[PDB]
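In: Enclosed are the sequence and the experimentally obtained structure.
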Amino acid sequence: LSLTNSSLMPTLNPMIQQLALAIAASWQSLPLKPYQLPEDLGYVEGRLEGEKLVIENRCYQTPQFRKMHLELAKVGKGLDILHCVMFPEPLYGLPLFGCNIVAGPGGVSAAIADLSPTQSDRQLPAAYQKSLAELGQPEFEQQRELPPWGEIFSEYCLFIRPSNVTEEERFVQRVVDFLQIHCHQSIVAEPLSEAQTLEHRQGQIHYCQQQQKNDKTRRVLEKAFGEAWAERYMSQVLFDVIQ
Ligand SMILES: C=CC1=C(C)/C(=C/c2[nH]c(/C=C3N=C(/C=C4\NC(=O)C(C)=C4C=C)C(C)=C\3CCC(=O)O)c(CCC(=O)O)c2C)NC1=O
């Protein structure tokens, strides 16, 4: 988890480096246990007719978080990617923390982060709404509109092309704030009823089914590994549907 053993870290975009470190720092003192990904995946690389894709995976769990997945990736020399989801244990009804940063030699092209709902009413729990509203509306110059499958994201979702260093840092600090709120709520969360647990499970299943519609992610995987490998990776590794 220190990321000192990461082969990719030294070479990734600096915003991706700071976010990876912030996430790792948020997790470091938790009652972590390993989470074995399919085939006990760690590092993986592939190439077909174009550029190589290299991926590093770290994954944990705690009693509140079913699966805590931090992934770093690079395609050839251009394209750097950070992907992170904290999948909640439905028993506790926490939202889904998620982040995706994509960067090229021209800087960060996409920075996305959210705490996504799992309630059937599509709202975050009241304590989250309150804490998030207190952060205030962050100003970013270059907002990006979510695709239709993006209905899963909350009203606090960030999706921008950072314009400059000030904005990169403002985005990273907002992610730190989201992680601080989320880790705090995890300690105050009580186990829920069977009907509420079920309702939260359904929201997490929906979230994964929608995230699988991301053709931008799927194309990157397909270009290095092929269609069948990409379908397995998106459905079993990135956005597994619980059951
Ligand atoms: C191997 C992993 C992995 C890869 C290969 C990947 C690729 C990837 N995701 C993208 C966008 C995107 N990614 C997301 C969102 C997310 N994606 C997530 O994995 C999570 C957790 C969220 C949100 C919290 C969204 C909303 C877009 C834009 C999709 C579109 O523009 O149609 C893009 C286009 C970036 C851009 O337009 O500037 C690429 C190349 N993302 C990854 O995670």
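Out: Nice, I can see it. Numbering: from 1, shown residues only.
In: measure residue 32 to residue 82 for me?
Out: Separation of residue 32 from residue 82 (C-beta to C-beta, to the nearest Å): 19 Å. The C-beta positions use only the backbone N, C-alpha and C, and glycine is treated the same way.
In: Compare those two and say which is more crowded by neighbours.
Out: Legend: neighbour count by other C-beta atoms under 10 Å for residue 32 and residue 82, higher for residue 82 (24 against 14).
In: Please state the offset of the lengthiest helix in the chain from the chain centre?
Out: Counting residues, the longest helix found in the chain (DSSP state H) is helix 165-188. Relative to the mean C-alpha coordinate of its chain, helix 165-188 is positioned 13 Å out (C-alpha atoms, centre = their mean, to the nearest Å).
In: buried stuff in whichever helix or strand comes after that helix?
Out: Moving toward the C-terminus from helix 165-188, the next helix or strand (DSSP states H and E) is helix 194-211. Under the neighbour-count criterion of 16 or more other C-beta atoms under 10 Å, helix 194-211 has 196-197, 199-201, 203-208, 210-211 buried.
In: would you turn those into JSON lines with distance to the ligand?
Out: Formatted as JSON lines, the buried residues of helix 194-211 follow (distance: C-beta to the nearest ligand atom, whole Å):
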{"residue": "196", "distance to the ligand": "24"}
{"residue": "197", "distance to the ligand": "23"}
{"residue": "199", "distance to the ligand": "21"}
{"residue": "200", "distance to the ligand": "18"}
{"residue": "201", "distance to the ligand": "19"}
{"residue": "203", "distance to the ligand": "15"}
{"residue": "204", "distance to the ligand": "13"}
{"residue": "205", "distance to the ligand": "15"}
{"residue": "206", "distance to the ligand": "14"}
{"residue": "207", "distance to the ligand": "9"}
{"residue": "208", "distance to the ligand": "10"}
{"residue": "210", "distance to the ligand": "10"}
{"residue": "211", "distance to the ligand": "6"}
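In: Pick the one among these closest to residue 170.
Out: Using C-beta to C-beta, residue 211 comes nearest to residue 170 of the buried residues of helix 194-211, at 25.1 Å.
In: Just give the nearest non-adjacent residue to that closest one, would you?
Out: Nearest residue to residue 211, sequence neighbours excluded (C-beta to C-beta, 6 or more residues apart in numbering): residue 239, at 4.5 Å.
In: What distance do you get for that neighbour to residue 175?
Out: 20 Å.
In: Check residue 85 too.
Out: Distance, residue 85 to residue 175, using C-beta to C-beta: 13 Å.
In: between those two, what contacts are shared?
Out: Shared contacts of residue 85 and residue 175 (C-beta atoms under 8 Å, 6 or more residues apart in numbering): residue 99.
In: hmm, back to that, buried stuff in the longest helix of the chain?
Out: Residues 167-168, 170-172, 174-176, 178-179, 181-183, 185-186 are the ones in helix 165-188 that count as buried (16+ other C-beta under 10 Å).
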